[PDB]
**Q** 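I am attaching a structure below and will ask some questions about it afterwards.
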Amino acid sequence: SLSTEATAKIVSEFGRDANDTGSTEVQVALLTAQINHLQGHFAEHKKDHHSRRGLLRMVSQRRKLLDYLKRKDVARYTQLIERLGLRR
RNA sequence: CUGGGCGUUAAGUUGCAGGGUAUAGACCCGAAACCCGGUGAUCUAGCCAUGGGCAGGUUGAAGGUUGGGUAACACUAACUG
Ligand SMILES: [K+]
Ligand SMILES: [K+]
Ligand SMILES: [K+]
Ligand SMILES: [K+]
Ligand SMILES: [K+]
Ligand SMILES: [K+]
Ligand SMILES: [K+]
Ligand SMILES: [Mg+2]
Ligand SMILES: [Mg+2]
Ligand SMILES: [Mg+2]
Ligand SMILES: [Mg+2]
Ligand SMILES: [Mg+2]
Ligand SMILES: [Mg+2]
Ligand SMILES: [Mg+2]
């Protein structure tokens with residue numbers, strides 16, 4: 001659902017460089033962008049269970065990446081959740 | 001018609017008094033009712049407009065705020081109401 005330009009902007013904003021697409025912060029930011037974007041789609045299409053499964057997969061993947069980041073480096077995790085506006 | 005029915009050989013009429021009858025309230029008193037035209041919503045029934053009344057003490061719906069909760073809901077606790 002994210003466009004190429006938006007994906008590249010997120011990668012540049014959260015990674016070490018434009019090639020840092022694999023960092024945990026970049027992945028979590030991309031997942032957050034997709035989840036927030038789909039919120040509008042599921043507000044209108046409440047019975048789109050099949051697509052909602054893919055959304056819930058993004059949510060669980062973000063949770064697992066966040067727990068890994070918190071286990072590894074607490075400061076990076078705190079900065080990332082503050083920047084993204086996530087409760088945890 | 002041999003006949004048979006009704007008649008012919010018995011004074012009426014007009015007043016006055018009286019007895020009966022008729023039409024009328026017709027010996028007097030007495031219904032429940034029926035019809036016609038009026039008077040009544042100062043009681044009461046409903047409605048309409050315009051004003052008033054309801055000491056004192058309780059219970060604690062929805063809603064709201066904050067926290068928890070959720071990807072977002074949902075949900076949950078306290079306070080408020
Ligand atoms: K005769
Ligand atoms: K006479
Ligand atoms: K008489
Ligand atoms: K009659
Ligand atoms: K009246
Ligand atoms: K009262
Ligand atoms: K309440
Ligand atoms: Mg993907
Ligand atoms: Mg006489
Ligand atoms: Mg007489
Ligand atoms: Mg009759
Ligand atoms: Mg009157
Ligand atoms: Mg009143
Ligand atoms: Mg009172």
Side-chain angles (χ1 to χ4, degrees):
Chain A
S1 53
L2 273 191
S3 74
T4 318
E5 297 82 74
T7 290
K9 181 187 264 82
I10 288 153
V11 170
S12 299
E13 211 213 318
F14 284 88
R16 160 210 54 221
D17 48 26
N19 292 353
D20 204 12
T21 59
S23 59
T24 315
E25 292 89 324
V26 159
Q27 297 195 45
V28 168
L30 289 165
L31 293 174
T32 294
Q34 310 181 235
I35 288 159
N36 301 348
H37 183 251
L38 279 174
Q39 278 335 124
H41 164 84
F42 289 109
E44 180 187 349
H45 305 275
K46 266 105 83 183
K47 302 310 235 333
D48 191 355
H49 300 305
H50 290 61
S51 303
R52 192 179 279 108
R53 202 172 105 103
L55 165 72
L56 294 173
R57 180 159 130 191
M58 305 170 199
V59 168
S60 48
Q61 291 282 99
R62 188 180 56 183
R63 169 87 270 122
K64 284 165 196 255
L65 289 166
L66 279 175
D67 288 349
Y68 163 78
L69 187 48
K70 181 186 214 306
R71 174 154 34 83
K72 274 281 259 211
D73 197 325
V74 192
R76 291 161 68 206
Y77 159 83
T78 290
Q79 270 71 288
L80 177 69
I81 61 166
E82 259 52 74
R83 279 176 69 186
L84 292 177
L86 300 164
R87 306 151 31 228
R88 42 175 300 266

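Letters go in sequence order (proteins before strands), and every chain restarts at 1.
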**Q** When the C1' atoms of B:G40 and B:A45 are compared, how many Å lie between them, rounded to an integer?
**A**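 My reading of the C1' atoms in B:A45 and B:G40 gives 16 Å.
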**Q** State whether A:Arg63 and A:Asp67 are salt-bridged, where the test is any N-O pair (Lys NZ or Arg NE/NH1/NH2 against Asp/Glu carboxylate O) under 4.0 Å.
**A** yes
**Q** According to a 3.5 Å cut-off on both distances, are B:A78 and B:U65 Watson-Crick or G-U wobble paired?
**A**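 Pairing holds for B:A78 and B:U65, meeting the Watson-Crick or G-U definition.
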**Q** When you compare B:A78 with B:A71, how far apart are their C1' atoms, in angstrom units rounded to a whole number?
**A** 27 Å
**Q** From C1'-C2'-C3'-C4' alone, north or south for the sugar of B:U13?
**A** north
**Q** Can you establish whether the number of heavy atoms outside A:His37 located under 6.0 Å from its atom NE2 is more than 12?
**A** no
**Q** Provide the distance between the two P atoms, one in B:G67 and one in B:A74, to the nearest whole Å.
**A**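 To the nearest whole Å, 16 Å.
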**Q** Is A:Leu38 linked to A:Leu86 within one hydrophobic cluster, defined over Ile, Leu, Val, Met, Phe, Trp and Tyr using a side-chain heavy-atom separation of less than 4.5 Å?
**A** yes
**Q** Specify the separation, in whole Å, of atom CD of A:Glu44 and atom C1' of B:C73.
**A**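 Atom CD in A:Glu44 sits about 17 Å away from atom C1' in B:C73.
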**Q** Who is the Watson-Crick or G-U wobble partner of B:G19, with both distances under 3.5 Å?
**A**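 Because no pair has both required distances under 3.5 Å, B:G19 counts as unpaired.
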**Q** Base rings of B:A31 and B:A32 under 5.5 Å apart and under 30° in plane angle?
**A** yes
**Q** If the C1' atom of B:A61 is compared with that of B:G81, how far apart are they to the nearest Å?
**A**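 Their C1' atoms lie roughly 10 Å apart.
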**Q** Taking B:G15 as the reference, what is the distance to B:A11 when you measure between their P atoms (whole Å, please)?
**A**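 Those two atoms are separated by 23 Å.
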**Q** When the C1' atoms of B:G69 and B:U58 are considered, how many whole Å apart are they?
**A**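 Comparing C1' positions in B:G69 and B:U58 gives a spacing of 36 Å.
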**Q** Verify whether the stacking test passes for B:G25 and B:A26, with limits of 5.5 Å on the ring-centre separation and 30° on the angle between planes.
**A**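 Per the 5.5 Å and 30° rule, B:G25 stacks on B:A26.
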**Q** Please indicate whether B:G67 is base-paired to B:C29 in either the Watson-Crick or the G-U wobble sense, using a 3.5 Å limit on both distances.
**A**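 As far as the geometry goes, B:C29 and B:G67 are not base-paired to each other.
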**Q** Applying the 4.5 Å side-chain criterion to the ILVMFWY set and letting contacts propagate, would A:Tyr68 and A:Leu66 be lumped into a single cluster?
**A** no
**Q** Report the pucker family of B:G67 (north if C1'-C2'-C3'-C4' is positive, south if negative).
**A**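 Of the two classes, B:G67 takes north, because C1'-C2'-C3'-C4' is positive.
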**Q** Any strand is fair game: report the nucleotide pairing with B:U9 by Watson-Crick or G-U wobble, both distances under 3.5 Å, or none.
**A** none
**Q** For the P atoms, the ones on B:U59 and on B:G52, what distance do you get once it is rounded to whole angstrom?
**A** 33 Å
**Q** Ignoring hydrogens, what is the shortest heavy-atom contact between A:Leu65 and A:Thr24? Give both atom names and the distance.
**A** O-CG2, 3.6 Å
**Q** If we take the P atom in both B:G68 and B:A72, what is their distance in whole Å?
**A** 13 Å
**Q** From A:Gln61 CD over to A:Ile35 CD1, what is the distance, rounded to the nearest 0.5 angstrom?
**A**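 It comes to 10.0 Å.
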**Q** Please tabulate, one pair per line, each protein N/O and nucleotide N/O from nucleotides 68-71 of chain B that are separated by under 3.5 Å, including the distance.
**A**
from: B:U70; atom 1: OP2; to: A:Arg87; atom 2: NH2; distance (Å): 2.7
from: B:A71; atom 1: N3; to: A:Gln39; atom 2: OE1; distance (Å): 3.1

**Q** Six-membered rings of B:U23 and B:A24: centres under 5.5 Å apart, planes under 30°?
**A**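 Yes, B:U23 and B:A24 stack on each other.
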**Q** Taking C1'-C2'-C3'-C4' as the guide, is B:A74 a north (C3'-endo side) or a south (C2'-endo side) sugar?
**A**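 North pucker for B:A74; the sign of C1'-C2'-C3'-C4' is positive.
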**Q** Decide whether A:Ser23 and A:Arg16 meet the rule of one side-chain donor and one side-chain acceptor closer than 3.5 Å.
**A** no
**Q** Is atom CZ of A:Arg83 surrounded by more than 12 heavy atoms (other residues, nucleotides or ligands) closer than 6.0 Å?
**A**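 Atom CZ in A:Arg83 is packed in, count exceeds 12.
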**Q** Judged by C1'-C2'-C3'-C4' (positive north, negative south), is the sugar of B:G19 north or south?
**A** north
**Q** Based on the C1'-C2'-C3'-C4' dihedral, does B:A41 have a north or a south sugar?
**A** south
